[PDB]
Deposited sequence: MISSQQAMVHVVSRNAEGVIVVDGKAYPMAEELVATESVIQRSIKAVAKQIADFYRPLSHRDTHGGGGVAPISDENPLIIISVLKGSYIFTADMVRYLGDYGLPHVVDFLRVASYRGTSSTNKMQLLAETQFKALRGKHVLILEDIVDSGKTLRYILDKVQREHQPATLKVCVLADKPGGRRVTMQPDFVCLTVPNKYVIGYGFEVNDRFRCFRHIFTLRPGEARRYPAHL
């Protein structure tokens, strides 16, 4: 990749201008290498574990295509990250299945979309989330999944950790990238759904946060 600024001071990555960006955080190559390295850590961690056997009604059995790792992906920010991560988990041979939940704030938390999996009791569950910032969203999701599904173990993998944003204790078990204490965009991160399709992650110019006020 080539990262530079044009004559207007605008960041250009591979010939493409990003006038909404303050700084580049990570190119696609760095992001993908970071995700694949975490996929290897996740596969190495879960491959030797056993949990409730729901395929044979038996007691306990190794993680397998019969009894896969349960992954709950948090929409919408995690969908692109999850699509890439599952393919790397497959490269490393980790048996797994994915369902989705969505949460939002009104700030207080509320579930927008429930998972449809119904047999998570005694299973290993991994949450895939886009970013840990204040820690409030993941505190809410972990408490809810833990009490409603009663999994054997519950862990979190984030694409991004913004360390300085913490207001409640939260350190995901797996972290692909560390980002600056700024609003990030690209690769699933957005402003009113814009910028999600970027292959790179950037910080946002402060004046751009209210650029698209109209609800979709």
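- Unmodelled regions of the deposited sequence, numbered from residue 1: 1-9, 116-121.
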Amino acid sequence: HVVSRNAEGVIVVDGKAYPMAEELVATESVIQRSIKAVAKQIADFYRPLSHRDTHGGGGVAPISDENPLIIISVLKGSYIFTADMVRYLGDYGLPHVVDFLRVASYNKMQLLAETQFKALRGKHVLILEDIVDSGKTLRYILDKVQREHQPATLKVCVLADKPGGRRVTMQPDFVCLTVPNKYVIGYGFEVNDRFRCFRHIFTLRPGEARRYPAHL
From here on, numbers count along this sequence of modelled residues.
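In this text, rigid core is short for the largest set of C-alphas that superpose within 1.5 Å between two forms.
- Using the rigid core as the fitting frame, the root mean square C-alpha deviation in 5 other deposited structures of this protein is greater for 96-104 than for the other of 127-135 and 96-104.
- With each structure aligned by its rigid core, the stretch whose Cα atoms sit farther from this model in 5 other deposited structures of this protein, between 39-47 and 55-63, is 55-63.
- Compared with other deposited structures of the same protein, residue 141 does not meet the criterion of being unmodelled in at least one third, since all of those that resolve residues on both sides include it.
- For the cut-off of one third of the other compared entries, residue 75 stays well clear, since all of them model it along with its flanks.
- Look at the C-alpha B-factors of 55-63 and of 146-154. On average they run higher in 55-63.
- 78-86 and 118-126 differ in mean CA B-factor, and the higher of the two is recorded for 118-126.
- Per-chain ranking of the deposited C-alpha B factor places residue 214 in the highest third.
- Among all modelled residues in its chain, residue 163 ranks in the lowest third by Cα B-factor.
- Remark: residue 27 belongs to the lowest third of its chain, ranked by C-alpha B-factor as recorded.
- For residue 191, the recorded CA B-factor ranks within the middle third of the chain. Only modelled residues enter the ranking.
- In this PDB entry, the Cα temperature factor of residue 3 sits in the middle third of its chain's modelled residues.
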